[PDB]
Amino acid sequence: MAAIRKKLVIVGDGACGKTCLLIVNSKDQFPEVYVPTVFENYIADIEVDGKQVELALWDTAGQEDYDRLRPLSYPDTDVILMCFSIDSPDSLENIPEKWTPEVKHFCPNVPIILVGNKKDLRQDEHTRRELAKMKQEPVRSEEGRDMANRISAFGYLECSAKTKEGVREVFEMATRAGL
């Protein structure tokens, strides 16, 4: 089976859920813990319109202190997943300040999918009370699509790894893009 294989590297602010997304697609267990990734890579398989297509998943540290480490991962990417947490406007604001200049610098003309994580937190009672304390509110869909247009991404999908909402669609689009 001389299957088609494409590289997907995923990046974004520490703790906005880059790893859970990956893991939920594959083994199918949500980790309660939170161990920060330095450098890890998985292989998936995914459907697109009659095709079985291997997907080489490259997971990266979200933390600042690993900035000189990350370009180890970019060399021949076919498609990026760029993430932010929906419970975190700050994590969004980093899309044009940090994550875009970075990705365009190391992977020029690599399609990007802007992805809002932790969708389930949008209507979360404790979350809202907490975001209020800072003169803020969760990310609005509207805000997320406007950003994707601004960085001229391939698109915007939102999801929650915890409930598995919108996930299967996240990876289809990415498969679809690297083509």
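In case it trips you up, residue 1 is the first one in the sequence shown, and so on.
Student: Could you settle it for me: does 112-120 or 126-134 have the higher average Cα B factor in the PDB entry?
Tutor: Per the deposited B-factors, the answer is 126-134.
Student: Once you work out the mean C-alpha B-factor for both 141-149 and 49-57 from the entry, which is higher?
Tutor: Higher mean C-alpha B-factor in the PDB entry: 49-57.
Student: Between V11, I23, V170, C16, let me know which has the highest C-alpha B-factor in the entry?
Tutor: Answer for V11, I23, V170, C16: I23, with the highest C-alpha B-factor.
Student: For the listed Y34, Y66, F154, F39, which has the peak Cα B-factor recorded in the PDB entry?
Tutor: The record points to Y34.
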